[PDB]
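Okay, structure first, notes after.
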Amino acid sequence: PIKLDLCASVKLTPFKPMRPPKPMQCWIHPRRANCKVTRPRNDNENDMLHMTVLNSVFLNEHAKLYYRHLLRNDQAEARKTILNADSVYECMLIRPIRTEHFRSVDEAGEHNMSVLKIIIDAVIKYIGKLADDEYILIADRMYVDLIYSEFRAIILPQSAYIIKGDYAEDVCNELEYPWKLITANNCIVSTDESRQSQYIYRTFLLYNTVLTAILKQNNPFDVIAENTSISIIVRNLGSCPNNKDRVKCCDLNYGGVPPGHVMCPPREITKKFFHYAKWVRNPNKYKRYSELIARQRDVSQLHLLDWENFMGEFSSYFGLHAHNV
Amino acid sequence: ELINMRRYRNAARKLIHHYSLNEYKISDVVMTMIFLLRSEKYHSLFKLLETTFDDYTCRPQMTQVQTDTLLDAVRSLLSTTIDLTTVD
Amino acid sequence: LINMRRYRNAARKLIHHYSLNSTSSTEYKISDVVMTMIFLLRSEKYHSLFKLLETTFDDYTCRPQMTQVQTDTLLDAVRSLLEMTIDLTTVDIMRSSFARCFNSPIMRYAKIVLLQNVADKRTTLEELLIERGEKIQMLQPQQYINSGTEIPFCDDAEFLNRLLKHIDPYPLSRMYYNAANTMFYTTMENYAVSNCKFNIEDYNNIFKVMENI
Amino acid sequence: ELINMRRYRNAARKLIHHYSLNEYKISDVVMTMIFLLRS
Amino acid sequence: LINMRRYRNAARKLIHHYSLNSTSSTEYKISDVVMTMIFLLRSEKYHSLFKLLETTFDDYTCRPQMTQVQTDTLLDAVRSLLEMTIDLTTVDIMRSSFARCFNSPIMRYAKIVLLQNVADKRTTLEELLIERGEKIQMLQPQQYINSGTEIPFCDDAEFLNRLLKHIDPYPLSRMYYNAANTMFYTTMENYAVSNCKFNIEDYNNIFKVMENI
Amino acid sequence: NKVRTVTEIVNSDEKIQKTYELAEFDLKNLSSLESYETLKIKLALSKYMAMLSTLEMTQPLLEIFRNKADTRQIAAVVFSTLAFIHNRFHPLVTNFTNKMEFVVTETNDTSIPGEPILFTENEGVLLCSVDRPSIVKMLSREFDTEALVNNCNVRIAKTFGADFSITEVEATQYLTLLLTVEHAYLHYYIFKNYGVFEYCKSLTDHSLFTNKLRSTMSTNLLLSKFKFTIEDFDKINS
């Protein structure tokens, strides 16, 4: 399905330059069709490689797949992008030791709290490489995909988006001297409330990743489907019996001992956040949801504070700190 | 009375229990600590908290009988059980 | 059992800070306030000040009833604690600052504020100046000077340079900080006690002028 | 008494019970061995 | 029952490594630290060190406040244990490193750490150098070597060859490693105890300069 | 940025380029300028101290203004201060006008915030109202003689490149009263140069001082030395 400004506007068959793998499955992510496991046909007893199929929409202006912007000291042995027309392919080489294997964040239900500590450390430093005025959106779920062995954790390719802000006290033009006069990077009016929305957004993403890590049942908080509103989700689940301001997460089937009330976040903060995050559908029209989280008035700030309390107690649940915010 | 210890006790119990779970005010902390200074049984936790200032310092090795006494003193302030990790 | 002297030091630093009589700017924590109020309690000769502190827990908009002899007692207590003058408006400043600390719940940052709610009607500056001038003309001037009294510049370079080298070790920058903050604190407290609007913008405009000149 | 062997025994029990059923620190194992020696 | 010999040797080797005096690097198991702790629990003269280890089992945040008689008894005990200099900062290094190990979770993968929590206020290297120079300028010299004193170069080429063949069996690289580790150890401990931030980045940049040539 | 400079002997093509960093020379120029500035200001301070001592005071300034009775010496000190200001601003006239009066205010309802000292003509000659209470309270204040006040790299580089009794606190208080009289004399300049109405307007709004003194001061102020602000506007004015 391709046309042209030509008067004929001929149909152009989208030929795909490469040959995508036929067996498009992954025992690490069996449901994820885009996940293609490929244990390289080679500590090498557990050598690894996996290709993720994504849409080229997550590509940036400089031909780079967005999430890659916050990978430093990349433990992954190899990693790079590929495109076959719209589709794209990220292949990551890895090789744990003989007594080491990596496992999908999906339905992890892991009881080893220190393994969770290392996972959260990886993801938190990852998102910390973010720029304050720069806002980020994720188009697949309300979390980040990652695979991990006890020894180390390796991020998965993500439905990542990089939108740059502009806080009116660094200018939005980066394309070099002659190119800028033609066009420039599209900023948005970055403001303190939107930035705090972004901080709490990273925080909620971390929280949801932790849930997926500690759940034996699919994490519905990660859903983004139009058909499922967060409001109805809170309605059918409820508020924590231990605290009505939170959600009834305490009663879920945790892999290990239920943290109970501990995993119950405040409700309306998460609703406002779900509707902040549905922004991803239209990243361009920013102002609708740029600061929706931190938007207003007194109820807004006080419940922002009780969410701050919930995230602070979560952090201290492993001796962490809100500097990330 | 110089100061009604009942408000101080209520603040102390509320603060300790809330933190056990995981709106208050610094004056509430003052009230809790004043009860702690006024309640000889809890004066053990009084030393514990006063040591926690400056550095987190350290909690000197505490005999079995002493720790039983403190956990009983806390349980009177609440009933469910407790342990040393809640105290920590 | 606690270090009486250490808590005494904390109390003294905290009160000298919130009294704005010490240009030294030092942060304090909830540890500091609990420490200072414990020192205030244990000090038998500061029970009255501890009870004023306890009363501040309420809305602390009341000017407490106290007889003149009790005022003598409390001023003796403050003079002993501070070991310096100081007067009643300083006590009002104490209550305002300590209680405006009390009303604040736990927060992850040290909020900066400006004195107010000290001494009733919300006042402005123009009628203040007018009433001041009319009161000045009401009173009689005390001293008169005449003659074109020569500026007595001290000619001998010996003692001029002597006093110079006396002040030469002085780290001027600290002088600037101390004196500027002294101006600021007195202006803010004088406006707050009068209930007149302390125009921080005008203070910053004085700054701006100074850089521009 | 030279140690609050209650904490030591509780740590010991938690650790061994975990290992039998299936989140601790080397602090915890040294604590466990300390209690065990005490027992 | 515990083999006094084996437990003694494990404790000695562990204290050697944690003291940084052992440039030799060897594997440490949970068995090894357990072995050392058990020796502590069995050695009465080192039961003082045992209670100190327990204090490291605590929040390890105090500055353990021991009288001077206890200080010197502890120094004697640690000296009789290590059997070498061991001194107070070495003891506080023991405390910090072993408390961190305590804190550390069990892990099939070895780890790497850098000393800190040794001697109150983080001091920037900039003002630290400023104050160092302020003393040194006042520190007048006590020795001197006037003239370009002739180098006492040893013309005994036979001596040069003899000592060369004496050092020839030496595996130069081993000593390269020993010396470089020792320099890193001294610089890191000095930054920690001085309480000045250690700049490992420029430490490596020293190497980088060395290889770029 | 950088200045390439050639060492050339025309007898041969041999040129030995040698670029020089302008940063070192800029830092030397700066350091020399601040040292000269500190020198001039401290000479002014010492000269003011010496002329005060030629007034032959016995007490230190704090006890001088502590006195509740002798307005003669308070007034003499005020005249000395203002005359010194008029002098080093306008040395050609090292003497203030011939006649003047003095009124010593003793209470807050007569002490005006912002400008505790002021002038106001009796319609025959200017007279000064002096706020002994608040000014004295100001003097008795502690000052931070113990804590240092503060680009880092420039500071560090310069640092490495580096019987009358008076204390640092005394010099602090002297600078403090000196700057207070600086401000008061600027207001008095507004008075004697633009009328009482503009005097009041400068008293209420000091941005007018830049405008008014662009005529005179530019052709000076000691307080211009450092850069001054009030702490934390980002979350004060919020």
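Cβ sites come from the backbone with ideal geometry, for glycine too, and all protein chains shown count toward neighbours. Where a number appears in this text, it was derived from the coordinates with a stated rule and is not lab data.
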How many of the residues making up region C:7-35 are more than 11 Å from chain F (Cβ to nearest Cβ) and under 22 Å from C:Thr85 (Cβ atoms)? 5
Can you tell me how many residues within region E:52-76 are of a type in the set (A, V, I, L, M) and surrounded by fewer than 17 Cβ atoms within 10 Å (Cβ to Cβ)? 3
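Would you mind stating whether C:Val69 is farther than 20 Å from C:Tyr7 by Cα, among the aliphatic types (A, V, I, L, M) and out of contact with any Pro (no Cβ under 7 Å at 6 or more places or on another chain)? Walk me through it before giving the result.
Numbers: farther than 20 Å from C:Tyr7 by Cα: yes; among the aliphatic types (A, V, I, L, M): yes; out of contact with any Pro (no Cβ under 7 Å at 6 or more places or on another chain): yes.
Spelling it out, C:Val69 is indeed farther than 20 Å from C:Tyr7 by Cα, among the aliphatic types (A, V, I, L, M) and out of contact with any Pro (no Cβ under 7 Å at 6 or more places or on another chain).
Just a yes or no: is a residue in region A:150-157 part of a loop (DSSP other than H, G, I, E, B) and surrounded by fewer than 16 Cβ atoms within 10 Å (Cβ to Cβ)?
no
Taking region F:159-195 as the search range and keeping residues that are among the charged types (D, E, K, R) and within 13 Å of chain C (Cβ to nearest Cβ), which one is surrounded by the fewest Cβ atoms within 10 Å (Cβ to Cβ)?
Here the residue is F:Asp163.
Might you let me know whether region F:179-189 holds any residue that is closer than 29 Å to C:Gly148 by Cα, in a helix (DSSP H, G or I) and of a type in the set (D, E, K, R)?
Checked against the condition, which is being closer than 29 Å to C:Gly148 by Cα, in a helix (DSSP H, G or I) and of a type in the set (D, E, K, R), region F:179-189 yields at least one hit.
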Is at least one residue of region F:62-73 in contact with a strand residue (DSSP E or B) (Cβ under 6 Å, 6 or more places away or on another chain) and surrounded by 14 or more Cβ atoms within 10 Å (Cβ to Cβ)? yes
Enumeration of residues in region B:51-88 that are in a loop (DSSP other than H, G, I, E, B) and touching a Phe, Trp or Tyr at 6+ places or on another chain (Cβ under 9 Å): B:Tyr56, B:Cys58, B:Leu77
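Residue by residue, here is whether (1) closer than 30 Å to C:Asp58 by Cβ; (2) hydroxyl-bearing (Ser, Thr, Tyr); (3) touching an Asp or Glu at 6+ places or on another chain (Cβ under 8 Å) holds:
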| residue | (1), (2), (3) |
| --- | --- |
| B:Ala11 | yes, no, yes |
| B:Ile34 | yes, no, no |
| B:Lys47 | no, no, no |
| B:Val74 | no, no, no |
Can you tell me how many residues in region B:16-41 are within 14 Å of chain A (Cβ to nearest Cβ) and either of a type outside the set (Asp, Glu) or under 10 Å from the mean Cα position of the chain (by Cα) (or both)? 8
Which one of the conditions (1) within 21 Å of the chain's Cα centre (by Cα); (2) part of a helix (DSSP H, G or I); (3) of a type in the set (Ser, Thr, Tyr); (4) away from chain B (no Cβ under 12 Å) does A:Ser315 fail to meet, given that it meets all the rest? (4)
In region E:110-126, is there at least one residue being within 14 Å of chain F (Cβ to nearest Cβ), of a type in the set (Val, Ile, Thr), more than 30 Å from A:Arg152 (Cα to Cα) and surrounded by 14 or more Cβ atoms within 10 Å (Cβ to Cβ)? yes
Counting only residues that are in contact with a helix residue (DSSP H, G or I) (Cβ under 9 Å, 6 or more places away or on another chain) and outside any loop (DSSP other than H, G, I, E, B), which one in region F:1-22 is farthest from the other protein chains (Cβ to nearest Cβ)? F:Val3
Taking region F:84-96 and the residues there that are out of contact with any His (no Cβ under 9 Å at 6 or more places or on another chain) and loosely packed, with under 14 Cβ neighbours inside 10 Å, the one that is farthest from C:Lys197 (Cα to Cα) would be F:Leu92
Within region A:38-55, is there a residue that is farther than 16 Å from A:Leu146 by Cα and under 20 Å from the mean Cα position of the chain (by Cα)? yes
Please specify each residue of region E:181-213 satisfying the condition of being farther than 20 Å from E:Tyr18 by Cβ and part of a helix (DSSP H, G or I). E:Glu201, E:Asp202, E:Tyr203, E:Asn204, E:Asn205, E:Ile206, E:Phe207, E:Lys208, E:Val209, E:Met210, E:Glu211, E:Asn212
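Condition check ((1) more than 7 Å from chain F (Cβ to nearest Cβ); (2) buried (at least 18 other Cβ atoms within 10 Å of the Cβ); (3) of a type in the set (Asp, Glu)) across all residues:
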| site | (1), (2), (3) |
| --- | --- |
| C:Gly148 | no, no, no |
| C:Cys154 | no, yes, no |
| C:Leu164 | no, yes, no |
| C:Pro169 | yes, no, no |
| C:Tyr185 | yes, yes, no |
| C:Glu189 | yes, yes, yes |
| C:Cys196 | no, yes, no |
| C:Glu201 | yes, no, yes |
All but one of (1) within 14 Å of another protein chain (Cβ to nearest Cβ); (2) closer than 18 Å to E:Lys13 by Cα; (3) part of a loop (DSSP other than H, G, I, E, B) hold for E:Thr85, so report the exception by its number. (1)
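Among the hydroxyl-bearing types (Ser, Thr, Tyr), in a loop (DSSP other than H, G, I, E, B) and either at the interface with another protein chain (Cβ under 7 Å from one of its Cβ atoms) or under 16 Å from F:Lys192 (Cβ atoms) (or both) - does that describe any residue in region F:71-86?
Initial filter on region F:71-86 (among the hydroxyl-bearing types (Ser, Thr, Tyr)): F:71, F:80-81.
Still in the list and also in a loop (DSSP other than H, G, I, E, B): none.
No, region F:71-86 has no match at all.
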Tell me, which residue of region C:172-182 that is at the interface with chain F (Cβ under 7 Å from one of its Cβ atoms) and closer than 23 Å to C:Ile93 by Cα is surrounded by the most Cβ atoms within 10 Å (Cβ to Cβ)? C:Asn178
